[PDB]
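Shown next, in structure tokens, is the structure this report addresses.
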Amino acid sequence: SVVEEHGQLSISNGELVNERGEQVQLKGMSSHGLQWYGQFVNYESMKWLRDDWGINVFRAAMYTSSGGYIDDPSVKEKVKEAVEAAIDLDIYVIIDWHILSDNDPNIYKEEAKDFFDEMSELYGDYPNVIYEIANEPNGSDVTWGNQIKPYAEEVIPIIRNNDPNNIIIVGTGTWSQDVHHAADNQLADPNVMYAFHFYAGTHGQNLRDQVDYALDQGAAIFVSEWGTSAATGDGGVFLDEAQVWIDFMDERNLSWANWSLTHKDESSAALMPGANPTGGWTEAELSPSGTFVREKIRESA
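Numbering (mature numbering (1 follows the signal peptide of the UniProt record, and there is no 0)), first residue to last: 4 to 304.
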């Protein structure tokens, strides 16, 4: 229903809009690393998220390093499974080239180009697909102007040759926090958004102001990853600050995906250790973070 209703997404005046030019907001879940917790990514679990939580987007977090795609490329097939499930369930799907320890997206740019060529050739005539080409660039030697923007200007043409206008989300500096620099030096493609990530354990008032600055330059922002925890993915749950961000994102029409759908023993994990990888979770099988995030999406839906 979601993808049939909203159809082709695009960017208009710095806002995510549907095929009638009306603003739309996506809210959903991210997987954890597909090389570790891929069992939670399947049609049945995604259908349960759609029906019980109300998600309208799912993010497939394909780590490149840390035992991910570069080390074992078989994980690409789990991304395909996720995309195909999203198509079958009529929700949107983010294909996330999940750089992290490989902190400069240029390190594996040749592999990125080949991967995005394949994904856009396969899925480029579906409106469900959103490409996230570099999760979290990081490091003082990885800047927008010198590293990230030129990387994007190599990968985006590869995608555009197969898929002229589905949304592409491009990571920003300092673990996708430096939207200010991106917004002052924007890419040419009209259907690009810049990633912004936050963790509720970090006091967020200036980060909100920075997002507003970026929006004020006409840059479109997708909050492609956020958590209720500290910035490590653990360290407790911070629901008061999470709620401030939830309200902020609704006020600004910002789409988002929460980290993450796993039973891992860390505060950001949505599920408790006994949670069925195919869905059906009772209240007791959701963590404090999962309970909150589910309530946020249900409220919205």
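Positions of the beta carbon are idealized from the N, C-alpha and C atoms, including for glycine.
Rounded to the nearest angstrom, what separates residue i and residue j at their Cα positions?
{"i": "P276", "j": "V132", "result": "31 Å"}
{"i": "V247", "j": "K30", "result": "16 Å"}
{"i": "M252", "j": "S258", "result": "7 Å"}
{"i": "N45", "j": "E269", "result": "22 Å"}
{"i": "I73", "j": "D215", "result": "36 Å"}
{"i": "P153", "j": "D54", "result": "40 Å"}
{"i": "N188", "j": "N209", "result": "21 Å"}
{"i": "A89", "j": "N261", "result": "17 Å"}
{"i": "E139", "j": "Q180", "result": "9 Å"}
{"i": "residue 332", "j": "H9", "result": "Nothing in the structure corresponds to residue 332, since the chain is present only between 4 and 304."}
{"i": "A85", "j": "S271", "result": "21 Å"}
{"i": "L12", "j": "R23", "result": "9 Å"}
{"i": "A245", "j": "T205", "result": "10 Å"}
{"i": "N109", "j": "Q26", "result": "33 Å"}
{"i": "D128", "j": "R163", "result": "12 Å"}
{"i": "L52", "j": "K83", "result": "18 Å"}
{"i": "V296", "j": "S34", "result": "14 Å"}
{"i": "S77", "j": "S263", "result": "21 Å"}
Quick one: what's got a C-beta closer than 7 Å to residue i's C-beta in the same chain, skipping five residues either side?
{"i": "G293", "result": "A273 and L274"}
{"i": "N59", "result": "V5, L29, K30, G31, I94 and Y95"}
{"i": "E124", "result": "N165"}
{"i": "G207", "result": "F201, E244, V247 and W248"}
{"i": "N106", "result": "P140, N141, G142 and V145"}
Near residue i, what residues of its chain come up, given a Cβ to Cβ distance below 6 Å and the 5 sequence neighbours on each side ignored?
{"i": "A278", "result": "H266, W284 and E288"}
{"i": "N168", "result": "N194"}
{"i": "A185", "result": "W147, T175 and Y197"}
{"i": "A115", "result": "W100 and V158"}
{"i": "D237", "result": "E269 and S270"}
Classify residue i as helix, strand or coil using the three-state DSSP reduction.
{"i": "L289", "result": "strand"}
{"i": "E135", "result": "strand"}
{"i": "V226", "result": "strand"}
{"i": "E22", "result": "coil"}
{"i": "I73", "result": "coil"}
{"i": "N194", "result": "coil"}
{"i": "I161", "result": "helix"}
{"i": "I171", "result": "strand"}
{"i": "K267", "result": "coil"}
{"i": "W284", "result": "coil"}
{"i": "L274", "result": "strand"}
{"i": "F43", "result": "helix"}
{"i": "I58", "result": "coil"}
{"i": "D181", "result": "strand"}
{"i": "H9", "result": "helix"}
{"i": "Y129", "result": "coil"}
{"i": "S232", "result": "coil"}
{"i": "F251", "result": "helix"}
{"i": "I14", "result": "strand"}
{"i": "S48", "result": "helix"}
Apart from the five residues on each side of it in sequence, which residues of its chain come closer than 8 Å, Cβ to Cβ, to residue i?
{"i": "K81", "result": "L37, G41, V44, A63 and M65"}
{"i": "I249", "result": "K299"}
{"i": "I14", "result": "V20, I170, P193, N194, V195, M196 and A223"}
{"i": "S69", "result": "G36, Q38, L103 and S104"}
{"i": "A217", "result": "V182, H183, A185, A186, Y197, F199 and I224"}
{"i": "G239", "result": "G204, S232, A233 and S270"}
{"i": "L190", "result": "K152, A155, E156, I159 and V173"}
{"i": "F118", "result": "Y72, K79 and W100"}
{"i": "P280", "result": "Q42, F43, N45 and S48"}
{"i": "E254", "result": "none"}
{"i": "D75", "result": "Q38"}
If residue i sits next to residue j, beta carbons under 8 Å apart, how far is it from one beta carbon to the other, in whole angstroms?
{"i": "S290", "j": "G57", "result": "Their Cβ separation, rounded to whole angstroms, is 18 Å, which puts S290 and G57 out of contact at 8 Å."}
{"i": "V145", "j": "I151", "result": "7 Å"}
{"i": "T67", "j": "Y111", "result": "5 Å"}
{"i": "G282", "j": "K50", "result": "7 Å"}
>> Tell me whether the stretch 183-203 and the stretch 216-231 touch, counting them as touching only if at least three CB pairs, one residue from each stretch, are closer than 8 Å.
In response: yes
>> I want to know whether the stretch 18-30 touches the stretch 173-188 - three or more CB-CB distances under 8 Å.
In response: no
> Are there three or more Cβ pairs, one per stretch, closer than 8 Å when the stretch 133-142 is compared with the stretch 92-104?
Replying inline: yes
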